[PDB]
Amino acid sequence: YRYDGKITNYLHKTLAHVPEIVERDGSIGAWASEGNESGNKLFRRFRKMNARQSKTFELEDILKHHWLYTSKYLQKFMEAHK
DNA sequence: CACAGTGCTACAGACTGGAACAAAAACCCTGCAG
């Protein structure tokens with residue numbers, strides 16, 4: 001009664017092409033939007049605490065500081081070999 | 001005349017060196033004193 005002439009784009013996509021995708025790639029959730037999307041959170045705390053802050057400069061500094069946050073070289077120091 | 005900042009800038013402040021001055025510290029000394 002609810003699916004006669006209408007289906008959500010996703011119920012279709014997830015009931016149809018997934019086997020083909022994971023045959024093609026072998027992974028989906030690894031390619032998920034999360035890495036981008038989640039990241040937005042950081043952007044917000046970078047537009048507040050580490051911003052310049054005036055319209056001209058601040059994008060530069062959010063960007064720079066973001067790049068530093070996400071570098072490996074820094075993160076290696078976290079465990080500090082345990 | 002809200003206030004803790006907001007990073008990167010600005011160049012203010014922190015440094016040497018010999019050449020020599022001066023003052024002061026705390027000894028030794030000699031001076032003039034009972």
# chains A, B, ... in the order shown; residues from 1 in each chain; ligands from 1

call {"tool": "closest_atom_pairs", "arguments": {"of": "chain A", "to": "chain B", "cutoff": "12 Å", "atoms": "only C-alpha atoms (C1' of nucleotides)", "output": "JSON lines"}}
result
{"residue": "A:46", "atom": "CA", "partner": "B:6", "partner_atom": "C1'", "distance": 11.7}
{"residue": "A:47", "atom": "CA", "partner": "B:6", "partner_atom": "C1'", "distance": 10.6}
{"residue": "A:48", "atom": "CA", "partner": "B:6", "partner_atom": "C1'", "distance": 9.1}
{"residue": "A:49", "atom": "CA", "partner": "B:6", "partner_atom": "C1'", "distance": 8.0}
{"residue": "A:50", "atom": "CA", "partner": "B:6", "partner_atom": "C1'", "distance": 7.6}
{"residue": "A:51", "atom": "CA", "partner": "B:6", "partner_atom": "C1'", "distance": 6.5}
{"residue": "A:52", "atom": "CA", "partner": "B:6", "partner_atom": "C1'", "distance": 4.9}
{"residue": "A:53", "atom": "CA", "partner": "B:6", "partner_atom": "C1'", "distance": 5.3}
{"residue": "A:54", "atom": "CA", "partner": "B:6", "partner_atom": "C1'", "distance": 8.6}
{"residue": "A:57", "atom": "CA", "partner": "B:7", "partner_atom": "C1'", "distance": 9.3}
{"residue": "A:58", "atom": "CA", "partner": "B:7", "partner_atom": "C1'", "distance": 9.1}
{"residue": "A:60", "atom": "CA", "partner": "B:7", "partner_atom": "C1'", "distance": 10.9}
{"residue": "A:61", "atom": "CA", "partner": "B:7", "partner_atom": "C1'", "distance": 8.2}
{"residue": "A:62", "atom": "CA", "partner": "B:7", "partner_atom": "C1'", "distance": 11.0}
{"residue": "A:64", "atom": "CA", "partner": "B:7", "partner_atom": "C1'", "distance": 11.9}
{"residue": "A:65", "atom": "CA", "partner": "B:7", "partner_atom": "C1'", "distance": 11.3}

call {"tool": "write_last_selection", "arguments": {"atoms": "C-alpha atoms", "output": "tab-separated table (two decimals), in the first residue's frame"}}
result
chain	number	residue	atom	x	y	z
A	46	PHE	CA	38.28	25.97	14.33
A	47	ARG	CA	36.03	28.86	13.34
A	48	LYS	CA	35.70	29.80	17.02
A	49	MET	CA	38.84	29.15	19.09
A	50	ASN	CA	41.66	29.14	16.45
A	51	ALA	CA	40.12	31.67	14.00
A	52	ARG	CA	41.84	35.04	13.43
A	53	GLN	CA	39.07	36.35	13.42
A	54	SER	CA	38.07	38.73	10.58
A	57	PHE	CA	42.28	36.28	7.21
A	58	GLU	CA	40.38	33.64	9.08
A	60	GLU	CA	43.51	30.90	5.82
A	61	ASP	CA	44.05	30.05	9.51
A	62	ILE	CA	41.17	27.57	9.87
A	64	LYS	CA	46.20	25.84	7.93
A	65	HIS	CA	45.36	24.66	11.45

call {"tool": "atom_distance", "arguments": {"atom1": "atom CA of residue 32 of chain A", "atom2": "atom CA of residue 17 of chain A"}}
result
15.7 Å

call {"tool": "atom_distance", "arguments": {"atom1": "atom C1' of residue 3 of chain B", "atom2": "atom CA of residue 43 of chain A"}}
result
25.3 Å

call {"tool": "closest_residue", "arguments": {"among": "A:30, A:42, A:7, A:22", "to": "residue 63 of chain A", "atoms": "only C-alpha atoms"}}
result
A:42

call {"tool": "select_by_dssp", "arguments": {"residues": "chain A", "states": "helix (DSSP H, G or I)", "output": "number ranges by chain"}}
result
A: 9-16, 18-24, 29-31, 34-37, 40-48, 58-69, 72-79
